[PDB]
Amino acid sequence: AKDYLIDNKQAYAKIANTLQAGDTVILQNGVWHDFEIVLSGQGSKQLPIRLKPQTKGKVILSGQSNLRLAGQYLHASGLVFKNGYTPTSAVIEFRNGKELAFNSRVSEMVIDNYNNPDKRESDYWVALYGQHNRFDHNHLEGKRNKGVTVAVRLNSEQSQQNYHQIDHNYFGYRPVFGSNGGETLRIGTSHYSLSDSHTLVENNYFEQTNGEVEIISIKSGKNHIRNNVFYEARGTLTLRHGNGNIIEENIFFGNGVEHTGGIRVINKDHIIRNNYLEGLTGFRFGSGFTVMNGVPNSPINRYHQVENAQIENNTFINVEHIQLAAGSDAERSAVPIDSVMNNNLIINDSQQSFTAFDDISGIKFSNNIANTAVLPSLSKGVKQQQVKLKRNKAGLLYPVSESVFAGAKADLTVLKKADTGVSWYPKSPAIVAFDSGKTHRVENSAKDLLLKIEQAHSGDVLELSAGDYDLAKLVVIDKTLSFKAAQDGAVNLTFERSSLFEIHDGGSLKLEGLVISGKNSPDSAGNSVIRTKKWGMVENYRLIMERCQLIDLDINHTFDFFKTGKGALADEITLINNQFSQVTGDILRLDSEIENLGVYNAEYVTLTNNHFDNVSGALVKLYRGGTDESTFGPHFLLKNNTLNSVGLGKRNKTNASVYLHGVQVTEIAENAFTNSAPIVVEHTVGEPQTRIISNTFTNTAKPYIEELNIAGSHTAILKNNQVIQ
C-alpha cells in the first residue's frame, strides 16, 4: 500500500482502478475542472482506502465534477465543491452504477452553491446507498434547484437496514425554493417507506434551512433522530411515511422567525421525547407540533392513521400552534388512536397554542403542565399552573421550581454550531444586507453611473447627484446595490432600452428618492422599468423601492413597472410610499408559473403608503397554481394605499386592480379604491389566510372571492369595508 500524489486527472485515472487496502490518494492543491472522481476498492477496517487533499480547503472541484464511492472501507475527505454542478444524479454518491459502498465514510466536504443552472432540473447533493456508511463533519449550504440536499436511498435490500450515521454536519442556508422539492434531508421514499432504514441522524446543526415545509422528510421505518439543533429553520421535522421512528433530544430555536416549525406526526409507533421547542411560529402542517389525521386503508403515498404515538417529556416554550387530529376532512377521517401525551411542559408567555380538529379521545393525556387554559375538556390530563422559568448556561429554559415534573430531562445538552462542519471553511451570512457597504457619490452622468455600478461591491450605496440620467443601455444588477438620491426629487432617470434594470443572480436592488420616466423608452409593447433575467434565474432576489416617482410609462401598451422572469423568485418585493402615474401595464407581474405545479414568483409582497393614478393594469398579478401544499407563500400585504383608475385596461384579462390566485397569506387593510377595478381573490388549496379590512370602495365593485378547491362560501375575512356607489 502506498501514497499517491496526484496532480492531474490522467494521473488519477492511471491508478483509480487498482486501489488496494491501505492506499491513500492525495489530490494536489488547486481547482480541478470536470473531475468525475470514482473512489473504489476493497479496503479493510485496519487498512481503508483513503482520498484526501494536499491541503484541506485548497482542493476545489468545479465545473461538472462529482464523487462516487463503490466497494468497502473507503474514506473520502477534505474536498470543496463550488462553481459547478454534478453532471449525474448526485454530487456525492455512495455508489458507482449498480455497485454500492459499504462501511465507508465521507467527511469534511464543503458543497457551496454547487447548483444546476436549471432550478427545475432535479438532483441530490449527497445520496446514501449501501449499509454502514457515515457522512460526518460536512458543510452544505446554498442548494437552489429542485431536489432534496441529502437523500438516504432504499431502492434495494442492500441499501435498506443500512444503519447509516449522519452526524456533526452543518446544514447551512437553503433559500425558500418557491416550490415542492426543497427538503434538506430525506430518508426513503413512499414506495420503499415500509422498509426499515435504521438511519441514525445525530448532532447536526440546521440553520435557516428554509427550502419548504419539510426540512427533514422521514419516509421509512425505525430511524433515530437525536440531538440535532434547528436554528431559525423554516419548516418542520415530518414523520411523513414509515413507522417506528424515534425523535428525541432535538432542539428547535425559532426565535419568533416566521414559519419556524417543529415536529409533525403521521403513521405508527413513533417515540417523541425529551425534545426542546422554543419560539416556533409556523401554523397548519408547518406548526410547532402536529399530530395528523389519517386516511382509512391509506394508499402508500397519502396519510396513514397515527397509532401508538408516544409523546413524552417535551418542552414547548412559546410554540404558537399545537394541532391534534389535524387535516381532518372527508378523506383524512382516521383520528389518532392508542397514543399518549405525558409529562409535557407547554408554556406560552402570551396565549395561542393548542387546537383539536377531530376526536382526540384516542390520545391519553397524563401529567401535562401548561400556564394557559390549554385543555379544559381533557381536564385531568393537563393542569394549568404558573411556571416561572430560568434559562440555563446551555441556553435552555427550565422551571425554577424543582416540584415541576414535566418537560424535557434536566441535563439536556445543546449542540454547538462550532462543533459541526469544518473549521477551515467559514459559516457566512445567507445574504448580503442592503446598505452594509460603502457609499459612492455619483456624478450627474449616465457614464459615471454605469462606471460606479460596475466598480461597486455587493452591499454598497450609490448616492446620485442632482440632474438627469438618460441611460442608453440596460443596467445589469448582479450584486446587492442601493440607489439613493442626494436629495429627494432632484434625480431624474430615463432609459432607451426595453428595460432600465435587469436583476441577475446575486443581484438585489434598493431604490430611494428617484424619479423614473419611460418617456425615452422604445415605442413598442413589453417595456418594463425593472425585470429579472427572463429565464434561468437561480438566486432569490430582493427589490425595495421607497419615496420614488414613476411616471409616463405609457408610450405603448403593456408597459409594466416590474416583470418577473420564468422561474424567478423574490424573497421580498417592498414598495413603500411611492407615486405611480400613467402606466399602461401592470405594476407587479408575478404570474409566469402557468404549469400549475405549485411554483410561484414571490414569497413576500408588501405595498404600503403608495399612490397609484391611472394604471391600466393591476397593482399585482400574483399566481400560484395547482394543488401543492409544500410551501409557505406567496404573502401579500396592501395597506394604506390610494388607487385612482387602476385596472380598467382593456388588456387586463383579470378585470382586477389586485389579483391573488393561490396566495397563502393576504392582508388588505385601510386602502382607498376609487374608480378602479375590484379585488379578485382565487383561493386554491392549503386553507389560505385572506383578510380584507377597513377599505373604502368608491365607484369600485366590492371584492370578489372564489373557492376553487372547496365547496360553498369563501373563507376570507371581510370586515368594516365601505362600498360607495
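Note that residue numbering begins at 1 and tracks the sequence as displayed.
Could you check which stretch, 441-449 or 288-296, carries the larger mean CA temperature factor in the entry?
Going by the record's values, the stretch with the higher mean is 441-449.
Going by the mean C-alpha B-factor recorded in the entry, which is higher: 105-113 or 591-599?
Per the deposited B-factors, the answer is 591-599.
Out of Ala568, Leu375, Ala76, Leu324, which one has a C-alpha B factor higher than all the others in the entry?
Max CA B-factor in the entry, restricted to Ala568, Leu375, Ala76, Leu324: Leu375.
So if I compare the CA B-factors in the entry for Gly467, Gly130, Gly147, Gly506, which one is the largest?
Comparing C-alpha B-factors across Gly467, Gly130, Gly147, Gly506, the maximum falls on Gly467.
Based on the entry's values, in what third of the chain does the Cα temperature factor of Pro53 lie: lowest, middle or highest?
Middle third by C-alpha B-factor.
In terms of the chain's CA B-factor thirds, is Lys219 lowest, middle or highest?
As the PDB entry reports it, the C-alpha B-factor of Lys219 lands in the lowest third of its chain.
Among the modelled residues of its chain, does the C-alpha B-factor of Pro678 lie in the lowest, middle or highest third?
Highest third - that is where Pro678 ends up once the chain's C-alpha B-factors are sorted.
Split the chain's modelled residues into thirds by Cα B-factor; is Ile26 in the lowest, middle or highest one?
For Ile26, whose C-alpha B-factor we compare with every modelled residue in the chain, the answer is the middle third.
Going by the entry, which third of its chain does the Cα temperature factor of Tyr85 land in?
Lowest third - that is where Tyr85 ends up once the chain's C-alpha B-factors are sorted.
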